[PDB]
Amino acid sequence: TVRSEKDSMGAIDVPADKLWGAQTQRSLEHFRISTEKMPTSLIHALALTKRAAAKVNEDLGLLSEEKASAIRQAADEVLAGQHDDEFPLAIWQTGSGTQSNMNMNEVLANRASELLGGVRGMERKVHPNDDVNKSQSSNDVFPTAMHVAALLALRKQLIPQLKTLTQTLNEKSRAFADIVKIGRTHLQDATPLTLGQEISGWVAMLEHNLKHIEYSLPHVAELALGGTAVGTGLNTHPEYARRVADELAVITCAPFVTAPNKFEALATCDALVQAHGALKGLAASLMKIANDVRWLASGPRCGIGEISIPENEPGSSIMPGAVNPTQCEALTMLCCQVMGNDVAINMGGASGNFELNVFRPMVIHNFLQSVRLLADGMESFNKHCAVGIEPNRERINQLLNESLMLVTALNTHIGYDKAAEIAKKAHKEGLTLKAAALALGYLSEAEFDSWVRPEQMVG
C-alpha cells in the first residue's frame, strides 16, 4: 500500500500506486492550503521542459541515450494525459516552484525506470536529480514552464477565439449596415447611427486588443532555462541555454528563444505582468461589448429591446417573455475576475528580491486562469449569443421615429428656430415631431416625409 522514498532529509512513505517521490510527498503533507493545484497546461509545460532538457543533455554527451529516451517517453505519457493524478501539489507551495519541479523530476524518473525494465522507488534506474534535473535548477525550470504554458495558451486558445468572435461581429456589422437606430450618450437619446456602425465599434475594439496581445508575445517567448540558480549559468555547457530554447521551439512549433538577460529572467515576472496588462485591456473591452448586448436586448417590453439574442435555457415560469442574457452575465463576471487577477499578479511581480522572484506559482495560477476565462468566454459568447444577434427592426424604427432626435433634419428647410420650437412643443405636449410640426403649421406632411430621412443622417 506504501513504499519508502528518500531524499536528503530521510525517508517518507509514499503511496505504492503513485509515481512521485519523497519531496512531492513532503509538499503534499506540508502545503495543504485550499484546493487550487497546478493546471494541466503548466504540468504539460513542465513535461515539455524536461523532454527538451533530456534531448539537449544527450546531444551534449552528458546523459546516456537510453536514459534520455526513457525520460522523453515518460514525458510524452504526461502530455498524452496518462498521469494527471501524479501531480497532487498545491499552488500555495514554495514561491520558486521547487516542489512542482521535483514532482516532475520524481514522476519522470520513477516512470522512466519502469520503461527501462526497472522499478519505481529507491531501486530505480533513472534518478530525479542527477538525471531528470541534470543541467537545471528549479529557479530556471519553473519560469521556463511558466512562459511555455503562457505563450502556448495565448497562441492556441486565446488568439483563435478572439479572431473567431471578431469575424462573427464583423459579419453582423456588415449585415446591419443600413439599419438606422437612435444614438445614446450619457444614457440619453442622441444623434442616430446605424446598428452596423455601433457593432463596428465592437469589432475595432477586438482588432485593437489582438494587436496589443501580439505585442506582448516576444517577451513571453524569452526563456530562463540555462540561467541555473542565480542567472550566471555556472556549471552549464555554454551552448545549453540556446540549445534547449531551440529544442523547445522545435517540439512546440512556437518561437521560443533564450532570454538575453538571465538575471531579469530569474528576478522578475515582468513579461507576464506586461502580457496580463493586455488581457485586462481585453476584459475591459469585452465588459463593454457584453453590456451593450444585454442592454440592447433588455425587455421584452420595459427596456430598450433593439436586438434579440438566442434563448438557450428555459426562462422563469413567472416572468413571461423574459430572455435572460446569460452568456453576457458569465462574460461580465469573468471580466471582473481578470481585473482582480491583474492585481494579484502585479503584487507578486513587484515583490522579487535580489536574484529570484518567489511569487511564481501564484502569478502563473492567475495568468493561466485569465487566459482560460477569456478564451473559453469568447468561445461561449460567440457560439451561444453573438452568432445569433438579430435586430428588432420594428422596435428600432418605433424608438427612432418617436424620438425628438430627427428634428435636426428640419434646420436647413425651415430654420433652426422653428425646428427647435417643434422639438420643444413635441416634448412638452407628448407629440411626435411630425404632429407638433403640423399643429404649428410649419410644414405639410409631404414635406416632413421628404425632408426627414434618417438614412441621410449617419454620414
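Heads up: residue numbers just count along the shown sequence, starting at 1.
Set 14 to 22 against 446 to 454 and average the Cα temperature factors; 446 to 454 ends up higher. Averaged over CA atoms, B-factors in the entry run higher in 163 to 171 than in the other of 163 to 171 and 283 to 291. Of all the options 392, 64, 49, 34, the entry's greatest CA B-factor is assigned to 64. Going by the entry's values, 239 shows the largest Cα B-factor out of 247, 239, 342, 222. In the PDB entry, residue 84 places in the highest third of its chain by CA B-factor.
Among the modelled residues of its chain, residue 399 has a C-alpha B-factor that falls in the middle third, as given in the PDB entry.
When the CA B factors of the chain's modelled residues are split into thirds, the value for residue 303 lands in the middle one. Among all modelled residues in its chain, residue 116 ranks in the highest third by Cα B-factor. Per the PDB record, residue ranking by Cα B-factor puts residue 253 in the highest third of the chain.
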